[PDB]
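K.L.:
first piece of the complex, coordinates kept as in the full assembly:
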Amino acid sequence: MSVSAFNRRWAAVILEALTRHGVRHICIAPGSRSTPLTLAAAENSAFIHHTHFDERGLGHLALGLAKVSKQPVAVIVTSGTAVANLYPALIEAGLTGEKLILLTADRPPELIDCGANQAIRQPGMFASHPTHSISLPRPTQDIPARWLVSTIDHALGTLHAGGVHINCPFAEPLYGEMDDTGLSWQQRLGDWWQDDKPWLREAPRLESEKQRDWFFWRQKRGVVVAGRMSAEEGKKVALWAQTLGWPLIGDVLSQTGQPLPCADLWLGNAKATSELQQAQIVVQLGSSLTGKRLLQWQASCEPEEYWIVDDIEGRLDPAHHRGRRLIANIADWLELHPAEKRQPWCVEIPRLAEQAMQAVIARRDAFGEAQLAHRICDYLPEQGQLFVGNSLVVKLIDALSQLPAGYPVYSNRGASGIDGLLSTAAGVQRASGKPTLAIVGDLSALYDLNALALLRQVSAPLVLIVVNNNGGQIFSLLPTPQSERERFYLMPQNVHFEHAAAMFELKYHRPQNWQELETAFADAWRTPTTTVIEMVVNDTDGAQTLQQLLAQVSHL
Amino acid sequence: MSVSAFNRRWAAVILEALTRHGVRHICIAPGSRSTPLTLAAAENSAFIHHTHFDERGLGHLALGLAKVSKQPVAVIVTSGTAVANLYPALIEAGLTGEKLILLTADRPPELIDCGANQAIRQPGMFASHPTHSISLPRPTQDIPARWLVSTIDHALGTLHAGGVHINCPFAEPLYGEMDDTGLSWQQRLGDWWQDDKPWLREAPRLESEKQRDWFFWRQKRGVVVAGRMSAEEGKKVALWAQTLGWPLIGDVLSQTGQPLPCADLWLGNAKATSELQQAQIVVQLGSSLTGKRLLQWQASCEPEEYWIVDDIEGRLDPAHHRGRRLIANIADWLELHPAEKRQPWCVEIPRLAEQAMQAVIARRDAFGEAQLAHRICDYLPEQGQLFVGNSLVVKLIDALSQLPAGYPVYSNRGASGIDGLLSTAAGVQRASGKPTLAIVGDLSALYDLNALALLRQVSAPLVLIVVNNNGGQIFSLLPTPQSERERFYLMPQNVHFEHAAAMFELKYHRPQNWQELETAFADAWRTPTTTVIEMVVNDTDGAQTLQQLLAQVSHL
């Protein structure tokens, strides 16, 4: 009876079970207690293995992989704070739906709360942020393998969205010669080992029914709001709203083509909000709305009914409107509630939106971050994808740019953390294999700086733009008090990123003008490597430029 | 009734209450939801403020400050994944006793579970790892200020060791002019505002009683095991064990002067374990024993009684011996249980230890990490302190070096995470103002790389030795299969650290021999700045040198 061998048979059942639920990517950090899990995964030919030394970055790498692939993505870490570092990505997945399967090695129960090295209390340490939590018992042949495979199958099969924490205690010895221990225990499962389905198939679907009064509401004065959704969903929603004749307020994350662009500006104009008061229903598809003026308009508007369609569960309207919360695949939902051609009812807002875009176009020349956002369309890689960071970049693009319909945009806009953007971008790139443009701020790039290691391996060109305004300049846009703004809010670090690029052998450009930025991009798309482009700009120009465009358009 | 003003009065009560329990250092990360806490702290003259952009590093900075200063240390972060990043340091503090007071700003309850940006479930998110958890209510004048201060005073007053999670929801508006809203609410507390004491004094002491049969047991054949303790405590334990005539097995963390050095080697010798079988009692002071051979001997020994004296609560013997678990300040415990002069009963172990050290000296010449550990006394700054990283460095120093009695050693040997070593060393340096030698591995340095930002501000010279053996070479010691060793265990990243140091404008050396290392040190001690010394060594030389020395000493 080799405990080491049986540990690995147990682990093998876990990993093999995960392959029956679409787990292809597995992100592994180093350790010894994780040996049963890590070796079982290394020997399993279904997996693509990714490795990293920072478990926080590892969780975000998995998050980007799951985010793009729409499949569950596995993680293996050893016991201790390695497990805790998964918390940020797990929380994000809890908000936006990524299926992260966290296999967290643990000490056996006899070694907890007795002063053993690298042993902590792991069951339940993520509280309610996992969708499902499994604390596996101490491995033993007296618990049949069909129990273990059934537990995994229940968790993955019923997983609508979010993370799964599977705590995996293993007792030492962890190494030794692998004999027959556990083989007949495994072979109890018979030809399941040669099958391609779960041992237990439990996959109920969670979805809202057709709205039987839709033929009434689609003829009222409605507004369509498009939040985060897939690229194809964005094109379908644009066509649907156009057909209804309802104005479409389209978020940077919507990939609708934003037919009424610069909503963050023109929603600040009284003629627009006055026109939107006529709306009798608001139908929102997707969530995590980006722009400040849009969140204020949502909070203040009073349609008779407010609907939010999304495949995420729970309430998504932070203003708590009377109305409906409809759980569905958006494309399914649109087919279930088709539009019928009706003439448009807005007259003032299309003109305001065009005038707003003209007001931004008037200011495109300065080599600043607002202008980079406004012009970002010109740098999108063909057949590529955009990963947009948090703080000012996503806000400025949403307010100032009109992104093409169906061009994929990815982001971390659940909790909007600045702590994993580089490694998330790495996973986003690796999952699809597409050329990738990623744009982040300086503090964000410092936060996830060691994920540049991961960016040394990309399967297609990845451009990382670091906007360096020397601090978190979103807080210059906020009414912070001037006496404490720098030390306690902006926190300028006074760095550049050429030495960072050189450390990880990444190409680097610090362009001084539009010509040099173009040159840097043209060089960058030529090889499957990461190029770091640092755009150094004056601290508060971007925030000021947005405030000024905001005032101007409000006076139209 | 300005929400903004009252928010700031509420927060002001929280921070001022913390000043009555010795909180002096406060570590602050940037954010908007945290504005009430951050501004209250910025206005309160009792605090020393430290700032950082990475909240994981922020937590470890607080941990090092608290570890050295023995004072409770406060942290302020904004809502979201920023809170989750505190989990590693919080867990470590729960193991080794540092008092971290985490003021975690939160959205108000009406903005939880409704799709609100940067809003997550924060109460209870640290599960059972905080010593105390306080989920403060939504601020309101209808709850009296004496409840708020009384709750904080209860948490801080009863805090024997570990972290306190104080979750602080605040509703917007967060900014505005300070009017008199909440002023009379504050003035309910009277002249407590001019006092220097808690509003409620609740400070019961948790301490074990004097052992009435101690005069019986001190006459038996005992062994003293000295784990992590204060420097003064290490010296007192040395004198105490010497007077009793009992052998002292002294950990690298013990600061006892290790009179039987290289215990990790001679404990592998059957004559040593045979002599130690004669011991009728083992009295261990401190815990988190470092060495493998020591943990194995502790696991196998069967004294009549095994005692562990420590100010940490709970079980500390991972082998679960029959015996006693005594909660006490170690110096206090020694005074309550004095030694009586007795002739020593060990004869063979002193000789074995002298031979072990001589065998190590025979190998001191190679420019390797085993030799660096062995020779490390030659580089300790006068009246300074040593911060020792995890994995091979602490193990090699413990096995191969004899550190001087009472010279301060610091570490993160609770969970032994490699995720916060640089920011912890920064806090350790700032707490004492002493010149500091910190030594970490390459993967540890990459893990906490951005904490080089913090090392741009030290009050005395800090030498950071980064031992670069290209991966986690502690894992070459385990019998992992060679087929997966590099990719799935060692994870070499193939970097150097010259550009990291240059990025943060820190002096850098890559010495090639002992004299160049001496030159680097002499350069480093001249100014109160951080110097990065990268020691490049071959992958497995250190590990296999330790194995060979173990075989040699074990066959003596």
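P.N.:
Received, thanks. Numbers count the residues shown, from 1 in each chain, chains lettered A, B, ... in the order given.

K.L.:
up against chain B, what does the stretch 351-500 of chain A have?
P.N.:
A:413, A:415-417, A:419-420, A:443, A:446-447, A:449-450, A:453, A:472, A:475, A:478-481, A:484, A:487-491, A:493, A:495-497, A:499-500 (C-beta under 8 Å from any C-beta of the partner chain). (C-beta placed from N, C-alpha, C; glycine too.)

K.L.:
just the buried residues of those residues.
P.N.:
A:413, A:415-417, A:419-420, A:443, A:446-447, A:449-450, A:453, A:472, A:475, A:480, A:484, A:488-491, A:493, A:495-497, A:499-500 (16 or more other C-beta atoms under 10 Å in any protein chain shown).

K.L.:
from residue A:394, how far out is the residue of the stretch 251-400 of chain A found nearest chain B?
P.N.:
At 3.6 Å from chain B, residue A:316 is the closest residue in the stretch 251-400 of chain A, using C-beta to the nearest C-beta. Relative to residue A:394, residue A:316 is positioned 18 Å away (C-beta to C-beta, to the nearest Å).

K.L.:
these two: which has the busier surroundings?
P.N.:
residue A:394 (25 against 21; other C-beta atoms under 10 Å in any protein chain shown).

K.L.:
show me what the host helix or strand of that one is packed against.
P.N.:
Per DSSP states H and E, residue A:394 falls inside helix A:392-400. If contacts are counted by 3 or more C-beta pairs under 8 Å, 6 or more residues apart in numbering or on different chains; DSSP states H and E, helix A:392-400 sits against helix A:263-266, helix A:369-374, strand A:436-441, helix A:474-477, helix A:541-554.

K.L.:
find out how far that helix is from the centre of the chain, if you would.
P.N.:
Helix A:392-400 has its C-alpha centroid displaced from the chain centroid by 17 Å (C-alpha atoms, centre = their mean, to the nearest Å).

K.L.:
next up, chain C:
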Amino acid sequence: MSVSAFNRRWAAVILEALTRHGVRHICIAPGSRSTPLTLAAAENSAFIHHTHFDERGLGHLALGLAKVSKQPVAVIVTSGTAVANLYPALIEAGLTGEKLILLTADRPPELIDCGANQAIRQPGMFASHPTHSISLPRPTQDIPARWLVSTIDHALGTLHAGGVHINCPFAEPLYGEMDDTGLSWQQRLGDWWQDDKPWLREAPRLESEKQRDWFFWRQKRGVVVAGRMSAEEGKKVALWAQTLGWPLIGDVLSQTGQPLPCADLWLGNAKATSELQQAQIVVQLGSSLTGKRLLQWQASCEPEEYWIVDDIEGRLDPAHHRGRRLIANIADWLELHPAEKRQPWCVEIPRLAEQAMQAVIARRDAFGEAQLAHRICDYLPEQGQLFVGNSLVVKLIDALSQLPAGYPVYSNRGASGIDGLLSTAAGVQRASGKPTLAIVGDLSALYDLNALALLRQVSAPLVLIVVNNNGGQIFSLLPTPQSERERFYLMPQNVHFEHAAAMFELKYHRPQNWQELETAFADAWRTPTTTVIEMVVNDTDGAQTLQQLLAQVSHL
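P.N.:
Placed with the earlier chains, chain C looks like this:
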């Protein structure tokens, strides 16, 4: 490898371990899954076994035993809702400190969440209400017996107060021939089996330090408030306050002799409140103060310092005064802070207390519940003890009677549940062997009615007075709205208790006047049995009488 036998050896280690921490009484409910625990308990001769069929009642029986004996009391229930029924007594123990050890049998992990009969999720099902929770692992010889005993030893050894939940999963077969499986596993513990000590002695004492400025504060104008404490402690507190010349406000639970009786009445008089605002310090010993006027005076008074001395931990002043919380054995605390002989400073309150008592005595004649309460001192059994139920009985006794110093009083005044009073009283009687007077209301008697089964076995006479005012007439005392008062507050059940008594073969009396009541008492004290005395009174006479006395005394 008999699973049945090993289950029983694992259980045997658990029970034997408890005998080393003073567990003498064990309360057992019937079941099959609990067989290992139950049979281990039955063959262990250290225990006194009590049985009951209602697990809620069983927990309260354990609570009464622990409440009197001040020793830990063990409980065994089987899996399922039986475990949930322990919650009330566990919560009460969490407030007032009884050490109830809950051994809750469980299904093994492979039978959780799979549709198995009588299997529920039991780990953590009591949330934070146990002082300590242990979720034992699935029994196996691969976890050594020293681990199990050390876990129990940690839990019991550090238990200052409150409950311990020990969840004990067992896999079938539960029955079978008892062979040698697990015998050498037990024997690893050596002669620990013949010992009388814990395997691990871990017993730190939690106690507040001596107040170094006590000689300053005892010379000021103080008030002594005496809450729940032991009978001895009540006598010592009376002597101490008398020595200081400080007024003593003595609760019904204090056993101080209440030298200023009827505080619930004279505290309503403004001359008392005005004189009491001269007080510079209030020293309260014990907690769970009974009377409304006393709670109101505590809420409004503002001494310079407010101290609460008690052996219960945590805050105990629901008004959150500036002052001190001091954790100590109350008698020890008085010896550490002795009184000094000083002239009394109150003049008006003694006159008021005397006049108030006179006002109550003027109304002693009517055959009502207020008069029974007022006259209860004249009926206490010699060398006996009083168990006072919740709602009006304890309020009226506290307001209207003067109980003798040092005469034992017991109650459930933590959460003041009306759900376990009869079974608690049974435990109170069985623990001390003393003749017992227990007084409850009609709804309270219905709540725990089947606990009449337990009252068939008492070791000395127990009188159970059931005051039948046809509903919860405390809700006639509150300003409830009259239109809904009967159906939704009073809830009269219109029963008597003659047939209940008859069902359990208990002697029964329904006295119609004082003479018949005294005859009933005289009959009852002659034999070691339970006699039920039902006192039928008109619904609102007690509540109104108390209101009238309050108004009258308030105008003196």
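
K.L.:
show the end-to-end separation of stretch A:194-208, please.
P.N.:
37 Å (C-alpha to C-alpha, to the nearest Å).

K.L.:
what packs against the next helix or strand after the helix holding residue A:394?
P.N.:
Sequence-wise, the next helix or strand downstream of helix A:392-400 (DSSP H and E) is strand A:409-410. Helices and strands touching strand A:409-410, by 3+ C-beta pairs under 8 Å, 6+ apart, are helix A:55-69, strand A:385-388.

K.L.:
show me the one of those that comes nearest chain C.
P.N.:
Of all these, helix A:55-69 comes closest under C-beta to the nearest C-beta, at 25.6 Å.

K.L.:
got the CA coordinates for the closest one in PDB?
P.N.:
C-alpha atoms of helix A:55-69 as PDB (Å, rounded to 0.1, in the frame of the first residue of the first chain):
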ATOM      1  CA  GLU A  55       0.200  32.700  -8.100                       C
ATOM      2  CA  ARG A  56      -1.800  35.900  -8.300                       C
ATOM      3  CA  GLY A  57      -0.600  36.400 -11.900                       C
ATOM      4  CA  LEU A  58      -1.300  32.600 -12.400                       C
ATOM      5  CA  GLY A  59      -4.900  33.100 -11.400                       C
ATOM      6  CA  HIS A  60      -5.200  36.100 -13.800                       C
ATOM      7  CA  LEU A  61      -3.600  34.100 -16.700                       C
ATOM      8  CA  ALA A  62      -6.200  31.500 -16.200                       C
ATOM      9  CA  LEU A  63      -8.800  34.200 -16.100                       C
ATOM     10  CA  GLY A  64      -7.800  35.600 -19.500                       C
ATOM     11  CA  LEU A  65      -7.700  32.000 -20.900                       C
ATOM     12  CA  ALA A  66     -11.200  31.300 -19.600                       C
ATOM     13  CA  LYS A  67     -12.400  34.800 -20.600                       C
ATOM     14  CA  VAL A  68     -11.600  34.300 -24.200                       C
ATOM     15  CA  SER A  69     -12.200  30.600 -24.600                       C
END
